[PDB]
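Overview (structure and organization)
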Amino acid sequence: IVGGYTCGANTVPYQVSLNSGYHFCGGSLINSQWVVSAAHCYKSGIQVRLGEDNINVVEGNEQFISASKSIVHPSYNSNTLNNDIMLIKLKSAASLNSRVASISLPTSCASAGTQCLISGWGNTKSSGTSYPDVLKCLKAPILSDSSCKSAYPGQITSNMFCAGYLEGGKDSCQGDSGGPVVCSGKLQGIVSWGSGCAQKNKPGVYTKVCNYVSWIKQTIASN
Ligand SMILES: NCc1ccc(C(=O)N2C[C@@H](n3cc(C4CC4)nn3)C[C@H]2C(=O)NCC(c2ccccc2)c2ccccc2)cc1
Ligand SMILES: [Ca+2]
């Protein structure tokens, strides 16, 4: 997250860290046994880390649970990033409490202008590289589909939305992908892609979660 703020320990209780020996992606806990992340975060040997603040220090509220199964969306296209969503089933149910909690799925899609919270452990610089140890947060509005398409001609599908600031300076960045975009207590987006970070006219692009609620619910109900 570039131009954000320190969230505060365990204030984003649905945020998880995907670890394969090191943090590589965010995710969102949607029930005691399932996490939503980006399909581009797929890899073997994922350990889901819940209740994290400083990802380099064991602080006392963590739960580390291996993934038993990963399900990438059947229509994910890694060249276009269309349908950039995946489900991860935990080997065991997380113990839910105030600091490790699920996030509700949207019923309804969120409009341009809706304010959201984006969080992650990604790079905090737009030029240069600095990876924080603690969770960073950014409040950002959903942008109109027309401004999103004008920023990225020929690349925004009906399964994507932009959020952020066209003036730049505040955005998600490398290491934040797979993480949550929450609006009014609902998971509306997944950090997906963008052209660099925090650059003018290049806002972040997010997977539109509301389009996947039927697939998420059916997949969990069966797996
Ligand atoms: N400003 C918007 C914006 C927001 C988020 C991103 C972003 O995070 N992004 C952009 C993401 N992404 C993936 C792709 C297509 C190839 C499929 N295009 N864009 C990838 C992630 C990143 O770079 N994360 C660093 C992370 C990694 C995880 C999965 C795949 C690739 C890289 C990594 C790798 C190795 C070690 C540690 C971490 C990029 C831009
Ligand atoms: Ca920790």
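Residues numbered from 1 in each chain as written, not as in the entry; some residues may be left out. Chains lettered and ligands numbered in written order. Heavy atoms only, no water.

The deposited coordinates, according to the entry record, derive from X-ray crystallography at 1.37 Å resolution.

Observations concerning the coordination of the calcium ion (ligand 2)
Definition in use: Distances up to 2.8 Å from the metal define which N, O and S atoms are donors, and 3.2 Å serves for Na, K and Ca; water is absent from the atom set, so sites may look incomplete. To sort residues, take the accessible area from a 1.4 Å probe on protein chains only and compare it with the maximum for the residue type: under 20% means buried, over 50% means exposed, and anything in between is partly exposed.
Within the protein, the calcium ion (ligand 2) binds to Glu-52 (OE), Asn-54 (O), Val-57 (O) and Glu-62 (OE); these donor distances fall in the range 2.2 to 2.3 Å. Binding-site remark: the calcium ion (ligand 2) is held by donors from one chain whose sequence spacing is E-x1-N-x2-V-x4-E. The burial state of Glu-52 is the same as that of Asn-54; both residues are buried.

With respect to the site of ligand 1
Rule in force here: Proximity criterion: a residue is near a molecule or strand once any of its heavy atoms comes within 4 Å of it. Here a polar contact is taken to be a pair of N or O atoms separated by no more than 3.5 Å, where protein atoms must pair a possible hydrogen donor with a possible acceptor and residues adjacent in sequence count only if both atoms sit in side chains. Here the open area of atoms and residues is found with the Shrake-Rupley method and a 1.4 Å probe, where only the protein chains shown may cover a residue. A run of H or I in DSSP counts as a helix once it spans at least four residues, and a run of E counts as a strand once it spans at least two, with each numbered from the N terminus. Any residue that is not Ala, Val, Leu, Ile, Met, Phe, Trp, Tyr, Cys, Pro, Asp, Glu, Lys or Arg is counted as polar, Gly included; the first ten are nonpolar and the last four charged. A domain assignment, automatic or from a database, supplies the domain bounds used here.
Around ligand 1 lies a shell of 22 residues, among which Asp-171, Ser-172, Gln-174, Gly-175 and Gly-196 are the nearest. Interatomic distance of 2.8 Å between a side-chain N/O atom of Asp-171 and a nitrogen atom of ligand 1. Within the backbone of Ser-172, an N or O atom sits 2.8 Å from a nitrogen atom of ligand 1. The protein chains hide 66% of the 790 Å² of surface that ligand 1 would expose on its own. Looking at the shell around ligand 1, the elements that each hand over two or more residues are β3 (23-31) and β12 (186-193). Residues belonging to the shell around ligand 1 are distributed by class as follows: nine nonpolar, 11 polar and two charged. Per-domain counts for the shell around ligand 1 show at least three residues from each of domain 1 (1-12 + 103-210) and domain 2 (13-102 + 211-222).

Quick word on the packing of aromatic side chains
This is how it is decided: To pair, rings of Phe, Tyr and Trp, with the six-membered ring standing in for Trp, must have centres within 6.5 Å; the planes then decide the type, stacked if under 30 degrees apart, edge-to-face if over 60, and tilted in the middle.
Counted according to the given criterion, the structure contains three aromatic pairs. Aromatic pair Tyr-22 and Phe-24: ring centres 6.5 Å apart, planes at 70°, arrangement edge-to-face. Assessed through its relative accessible area of 47%, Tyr-22 is described here as partly exposed. Accessibility expressed as a relative area gives 15% for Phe-24, which makes it buried.

Section: unusual backbone geometry
At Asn-83, a position not held by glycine, the phi torsion is positive, near 65°. Positionally, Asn-83 belongs in the loop between β6 (63-72) and β7 (86-90). The backbone phi angle of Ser-184 is positive, close to 50°, even though this residue is not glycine. One can find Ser-184 in the loop between β11 (180-183) and β12.

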